[PDB]
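A.B. asks: Got a structure for you, questions after.
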Amino acid sequence: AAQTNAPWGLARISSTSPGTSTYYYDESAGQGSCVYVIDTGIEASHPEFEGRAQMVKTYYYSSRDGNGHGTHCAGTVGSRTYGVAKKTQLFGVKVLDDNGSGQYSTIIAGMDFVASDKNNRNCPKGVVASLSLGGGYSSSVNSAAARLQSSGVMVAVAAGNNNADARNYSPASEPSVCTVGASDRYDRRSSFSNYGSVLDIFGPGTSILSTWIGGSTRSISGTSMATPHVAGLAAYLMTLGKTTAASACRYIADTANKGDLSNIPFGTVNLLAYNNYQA
């Protein structure tokens, strides 16, 4: 399948080269997979979600996304126009308040929730969780992410936006999850992206167009925008049967575009998420 005039990051994930504008992907499109977006919520009513999104949990007075961040991230996973996996099911877990903030104990509860809740959902092609969030190092937060991954969920987490080594941030620093850095449309490391040995992969993160609250769209930047590219890619590849939740980070790294990014510090992988789709 080909989507013309796609956001640059979608085109990038299906290309061996920067500078193109059409996204190519197998029409299965993540059907039968599920992606949890653990964030500020999801505006499931947005026409871009086509009924495939729903809120499943909140720790606040509403399940609505009063911020936009979680809606944007969910859009990059699975919206019709802005998403990688255009037929996946999206499940929102609101662990962050409408200012984008949340306590670690709430974040941990939300990860444990997903590990159980997937047993209440139909996801025959597998389960992914996208965590576009983080703070300072916490062994408890890392352990929650490790348990979620161990339970059979492909956990993708943002590296962070400190232009620093991700070892000092959680859940970025958890070894067993997929830690995602950001790149720009010219194949540069995004200026804010964290780096380090703990990174597994980069994805598009500078100037990413996606859904926003109020039925709208906007372009924003962050490792929070790179993460859902990778989460959606995982869901897509799991529907294709190419990999599994336990192995998908490794598979994505094995099949990535290698050595194409600039300003990658020595000792950080130079790997850009790539679907290897051949029409």
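Chain labels A, B, ... are given in the sequence in which chains occur in the structure tokens; within each chain residues are numbered consecutively from 1, and ligands are likewise numbered from 1 in the order shown.
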Neighbouring residues of residue 189 (chain A) were defined as those with any atom within 12 Å, considering only C-alpha atoms; residues of the same chain fewer than 4 positions away were excluded. Please report them as a PyMOL selection string.
C.D. replies: chain A and resi 161+163+180-185+193-195+201-206+222-223+226+259-265+268-272
A.B. asks: Which residue gives the smallest distance to residue 61 (chain A) among A:95, A:44, A:155, A:144, with only C-alpha atoms counted?
C.D. replies: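 Comparing A:95, A:44, A:155, A:144 against residue 61 (chain A), the winner is A:95.
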A.B. asks: Contacts of residue 13 (chain A) at 9 Å or less, counting only C-alpha atoms, minus same-chain residues fewer than 4 places along, as a PDB file with N, CA, C and O atoms, in the first residue's frame?
C.D. replies:
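The resulting part_34.pdb:
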ATOM      1  N   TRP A   8       6.598  13.145   7.047  1.00  0.00           N
ATOM      2  CA  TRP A   8       7.951  12.704   6.712  1.00  0.00           C
ATOM      3  C   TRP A   8       8.376  11.475   7.468  1.00  0.00           C
ATOM      4  O   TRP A   8       9.113  10.625   6.932  1.00  0.00           O
ATOM      5  N   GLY A   9       7.978  11.354   8.727  1.00  0.00           N
ATOM      6  CA  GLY A   9       8.445  10.249   9.545  1.00  0.00           C
ATOM      7  C   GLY A   9       7.882   8.904   9.087  1.00  0.00           C
ATOM      8  O   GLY A   9       8.574   7.894   9.140  1.00  0.00           O
ATOM      9  N   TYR A  23       4.521   6.910   2.152  1.00  0.00           N
ATOM     10  CA  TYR A  23       4.676   5.806   3.094  1.00  0.00           C
ATOM     11  C   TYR A  23       4.190   4.517   2.458  1.00  0.00           C
ATOM     12  O   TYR A  23       3.071   4.485   1.923  1.00  0.00           O
ATOM     13  N   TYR A  24       5.030   3.496   2.460  1.00  0.00           N
ATOM     14  CA  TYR A  24       4.728   2.168   1.874  1.00  0.00           C
ATOM     15  C   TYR A  24       4.626   1.132   2.987  1.00  0.00           C
ATOM     16  O   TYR A  24       5.535   1.054   3.815  1.00  0.00           O
ATOM     17  N   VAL A  84       1.527   4.727  11.861  1.00  0.00           N
ATOM     18  CA  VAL A  84       2.311   3.640  11.297  1.00  0.00           C
ATOM     19  C   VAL A  84       1.463   2.410  11.044  1.00  0.00           C
ATOM     20  O   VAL A  84       1.610   1.740   9.978  1.00  0.00           O
ATOM     21  N   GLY A 203      13.926   6.737  15.997  1.00  0.00           N
ATOM     22  CA  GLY A 203      12.841   6.942  15.119  1.00  0.00           C
ATOM     23  C   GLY A 203      12.608   8.409  14.880  1.00  0.00           C
ATOM     24  O   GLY A 203      13.155   9.271  15.592  1.00  0.00           O
ATOM     25  N   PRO A 204      11.771   8.779  13.896  1.00  0.00           N
ATOM     26  CA  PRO A 204      11.487  10.196  13.589  1.00  0.00           C
ATOM     27  C   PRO A 204      10.908  10.914  14.820  1.00  0.00           C
ATOM     28  O   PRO A 204       9.893  10.468  15.380  1.00  0.00           O
ATOM     29  N   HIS A 229       6.385   5.811  16.786  1.00  0.00           N
ATOM     30  CA  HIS A 229       6.778   5.244  15.469  1.00  0.00           C
ATOM     31  C   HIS A 229       7.227   3.810  15.667  1.00  0.00           C
ATOM     32  O   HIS A 229       6.888   2.922  14.869  1.00  0.00           O
ATOM     33  N   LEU A 233       5.473   0.410  14.539  1.00  0.00           N
ATOM     34  CA  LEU A 233       6.229  -0.502  13.701  1.00  0.00           C
ATOM     35  C   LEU A 233       6.184  -1.900  14.280  1.00  0.00           C
ATOM     36  O   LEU A 233       6.019  -2.899  13.557  1.00  0.00           O
ATOM     37  N   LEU A 272      18.183   3.286  12.580  1.00  0.00           N
ATOM     38  CA  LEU A 272      16.959   4.030  12.329  1.00  0.00           C
ATOM     39  C   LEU A 272      15.882   3.050  11.923  1.00  0.00           C
ATOM     40  O   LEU A 272      16.033   2.259  10.976  1.00  0.00           O
ATOM     41  N   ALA A 273      14.765   3.095  12.638  1.00  0.00           N
ATOM     42  CA  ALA A 273      13.653   2.145  12.431  1.00  0.00           C
ATOM     43  C   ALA A 273      13.228   2.112  10.966  1.00  0.00           C
ATOM     44  O   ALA A 273      13.024   3.162  10.360  1.00  0.00           O
ATOM     45  N   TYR A 274      12.995   0.889  10.471  1.00  0.00           N
ATOM     46  CA  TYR A 274      12.759   0.687   9.073  1.00  0.00           C
ATOM     47  C   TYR A 274      11.883  -0.561   8.914  1.00  0.00           C
ATOM     48  O   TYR A 274      12.188  -1.629   9.468  1.00  0.00           O
ATOM     49  N   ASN A 275      10.811  -0.452   8.126  1.00  0.00           N
ATOM     50  CA  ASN A 275       9.888  -1.584   7.989  1.00  0.00           C
ATOM     51  C   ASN A 275      10.303  -2.599   6.936  1.00  0.00           C
ATOM     52  O   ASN A 275       9.651  -3.669   6.872  1.00  0.00           O
ATOM     53  N   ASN A 276      11.332  -2.324   6.122  1.00  0.00           N
ATOM     54  CA  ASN A 276      11.771  -3.241   5.099  1.00  0.00           C
ATOM     55  C   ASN A 276      10.648  -3.711   4.249  1.00  0.00           C
ATOM     56  O   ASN A 276      10.651  -4.917   3.786  1.00  0.00           O
TER      57      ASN A 276
END
A.B. asks: Output as number ranges by chain all residues of region 12-203 of chain A that backbone DSSP marks as strand (DSSP E or B).
C.D. replies: A: 23-24, 33-39, 53-58, 89-94, 126-131, 135-136, 153-158, 165, 169-170, 178-183, 188-189, 195, 201-203
A.B. asks: Keeping only N, CA and C atoms, write those residues as a CSV table (one decimal), in the first residue's frame.
C.D. replies:
chain,number,residue,atom,x,y,z
A,23,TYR,N,4.5,6.9,2.2
A,23,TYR,CA,4.7,5.8,3.1
A,23,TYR,C,4.2,4.5,2.5
A,24,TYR,N,5.0,3.5,2.5
A,24,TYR,CA,4.7,2.2,1.9
A,24,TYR,C,4.6,1.1,3.0
A,33,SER,N,-3.5,-6.6,16.2
A,33,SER,CA,-2.6,-6.2,17.2
A,33,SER,C,-3.3,-5.2,18.1
A,34,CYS,N,-2.6,-4.9,19.2
A,34,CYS,CA,-3.1,-3.9,20.1
A,34,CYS,C,-1.9,-3.0,20.6
A,35,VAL,N,-2.1,-1.7,20.7
A,35,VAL,CA,-1.1,-0.8,21.3
A,35,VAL,C,-1.7,0.0,22.4
A,36,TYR,N,-1.1,-0.2,23.6
A,36,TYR,CA,-1.5,0.7,24.8
A,36,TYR,C,-0.7,2.0,24.7
A,37,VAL,N,-1.3,3.1,24.8
A,37,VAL,CA,-0.6,4.4,24.9
A,37,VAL,C,-0.8,4.9,26.3
A,38,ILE,N,0.3,4.9,27.0
A,38,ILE,CA,0.3,5.2,28.5
A,38,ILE,C,0.8,6.6,28.6
A,39,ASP,N,-0.1,7.5,28.9
A,39,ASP,CA,0.1,9.0,28.6
A,39,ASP,C,-1.0,9.8,29.2
A,53,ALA,N,-9.8,3.4,18.7
A,53,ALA,CA,-9.3,3.8,19.9
A,53,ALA,C,-10.3,3.8,21.0
A,54,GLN,N,-9.8,3.6,22.2
A,54,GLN,CA,-10.7,3.7,23.4
A,54,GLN,C,-9.8,3.9,24.6
A,55,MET,N,-10.4,4.6,25.6
A,55,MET,CA,-9.8,4.7,26.9
A,55,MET,C,-10.2,3.5,27.7
A,56,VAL,N,-9.2,2.9,28.4
A,56,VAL,CA,-9.4,1.7,29.2
A,56,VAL,C,-9.1,2.0,30.7
A,57,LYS,N,-8.4,3.0,31.0
A,57,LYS,CA,-8.1,3.3,32.4
A,57,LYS,C,-7.7,4.7,32.6
A,58,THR,N,-8.1,5.4,33.7
A,58,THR,CA,-7.6,6.6,34.2
A,58,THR,C,-7.3,6.6,35.6
A,89,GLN,N,-5.6,-1.8,17.1
A,89,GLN,CA,-6.5,-1.3,18.2
A,89,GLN,C,-5.7,-0.5,19.2
A,90,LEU,N,-6.1,0.7,19.6
A,90,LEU,CA,-5.5,1.6,20.5
A,90,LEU,C,-6.2,1.6,21.8
A,91,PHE,N,-5.4,1.5,22.9
A,91,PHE,CA,-6.0,1.5,24.3
A,91,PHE,C,-5.3,2.5,25.1
A,92,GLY,N,-6.0,3.5,25.6
A,92,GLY,CA,-5.4,4.6,26.3
A,92,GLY,C,-5.4,4.3,27.8
A,93,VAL,N,-4.3,4.6,28.5
A,93,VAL,CA,-4.2,4.5,29.9
A,93,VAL,C,-3.6,5.8,30.4
A,94,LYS,N,-4.5,6.6,31.1
A,94,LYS,CA,-4.1,8.0,31.5
A,94,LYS,C,-3.5,8.0,32.8
A,126,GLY,N,-0.6,-9.8,18.9
A,126,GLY,CA,0.3,-9.4,20.0
A,126,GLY,C,0.0,-8.0,20.5
A,127,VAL,N,0.8,-7.6,21.5
A,127,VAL,CA,0.5,-6.5,22.4
A,127,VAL,C,1.8,-5.6,22.4
A,128,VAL,N,1.6,-4.3,22.3
A,128,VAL,CA,2.7,-3.3,22.4
A,128,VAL,C,2.2,-2.3,23.4
A,129,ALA,N,3.2,-1.7,24.1
A,129,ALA,CA,2.9,-0.5,24.9
A,129,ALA,C,3.9,0.6,24.6
A,130,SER,N,3.4,1.8,24.4
A,130,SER,CA,4.2,3.0,24.1
A,130,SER,C,4.1,3.9,25.3
A,131,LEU,N,5.3,4.2,25.8
A,131,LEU,CA,5.6,5.1,27.0
A,131,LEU,C,6.4,6.3,26.6
A,135,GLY,N,11.3,10.2,33.8
A,135,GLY,CA,11.9,11.2,34.8
A,135,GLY,C,13.2,10.6,35.1
A,136,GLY,N,13.7,11.1,36.3
A,136,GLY,CA,15.0,10.7,36.8
A,136,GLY,C,15.1,9.2,37.1
A,153,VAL,N,4.5,-8.1,26.5
A,153,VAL,CA,4.2,-6.8,25.8
A,153,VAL,C,5.5,-6.2,25.3
A,154,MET,N,5.5,-5.8,24.0
A,154,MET,CA,6.6,-5.1,23.5
A,154,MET,C,6.6,-3.6,24.1
A,155,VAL,N,7.5,-3.4,25.0
A,155,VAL,CA,7.5,-2.0,25.6
A,155,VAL,C,8.5,-1.1,24.9
A,156,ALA,N,8.0,0.0,24.4
A,156,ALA,CA,8.8,1.0,23.7
A,156,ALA,C,8.7,2.3,24.6
A,157,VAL,N,9.9,2.8,25.0
A,157,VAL,CA,9.9,4.0,25.9
A,157,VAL,C,10.8,5.1,25.3
A,158,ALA,N,10.5,6.3,25.6
A,158,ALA,CA,11.2,7.4,25.1
A,158,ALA,C,12.5,7.5,25.8
A,165,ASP,N,23.1,11.3,28.4
A,165,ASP,CA,23.0,9.9,28.5
A,165,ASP,C,21.7,9.4,29.2
A,169,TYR,N,17.8,8.2,33.4
A,169,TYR,CA,16.4,8.4,33.3
A,169,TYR,C,15.7,7.1,33.3
A,170,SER,N,14.4,7.1,33.7
A,170,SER,CA,13.6,6.0,33.8
A,170,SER,C,12.2,6.3,33.2
A,178,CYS,N,12.5,-1.4,25.0
A,178,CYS,CA,13.1,-0.8,23.7
A,178,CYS,C,13.2,0.7,23.9
A,179,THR,N,14.4,1.2,24.1
A,179,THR,CA,14.6,2.7,24.4
A,179,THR,C,14.8,3.4,23.1
A,180,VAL,N,14.0,4.4,22.8
A,180,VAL,CA,13.9,5.1,21.5
A,180,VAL,C,14.4,6.5,21.5
A,181,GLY,N,15.5,6.8,20.7
A,181,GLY,CA,15.9,8.1,20.5
A,181,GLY,C,15.2,8.8,19.3
A,182,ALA,N,15.5,10.0,19.1
A,182,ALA,CA,14.8,10.8,18.0
A,182,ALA,C,15.7,11.3,16.9
A,183,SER,N,15.3,11.3,15.7
A,183,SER,CA,16.0,11.9,14.5
A,183,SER,C,15.1,12.9,13.8
A,188,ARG,N,19.7,13.6,11.0
A,188,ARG,CA,20.5,14.0,12.2
A,188,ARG,C,19.9,13.5,13.4
A,189,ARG,N,20.7,13.2,14.4
A,189,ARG,CA,20.1,13.0,15.7
A,189,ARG,C,19.3,14.3,16.1
A,195,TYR,N,20.9,9.9,24.4
A,195,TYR,CA,21.8,9.0,23.7
A,195,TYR,C,22.4,8.0,24.7
A,201,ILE,N,17.4,2.1,19.4
A,201,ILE,CA,16.9,2.4,18.1
A,201,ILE,C,16.5,3.9,18.1
A,202,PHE,N,16.6,4.5,16.9
A,202,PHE,CA,16.0,5.8,16.7
A,202,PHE,C,14.8,5.8,15.8
A,203,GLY,N,13.9,6.7,16.0
A,203,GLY,CA,12.8,6.9,15.1
A,203,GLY,C,12.6,8.4,14.9
A.B. asks: Applying 7 Å and only C-alpha atoms, which residues near residue 31 (chain A) remain after dropping the ones on its own chain fewer than 4 positions away? List them as a PyMOL selection string.
C.D. replies: chain A and resi 87-88+239
A.B. asks: Among region 36-270 of chain A, which ones does DSSP assign to alpha helix (DSSP H) (computed from the backbone)? Answer as a ChimeraX atom specification.
C.D. replies: /A:69-78,104-117,139-150,223-240,248-255
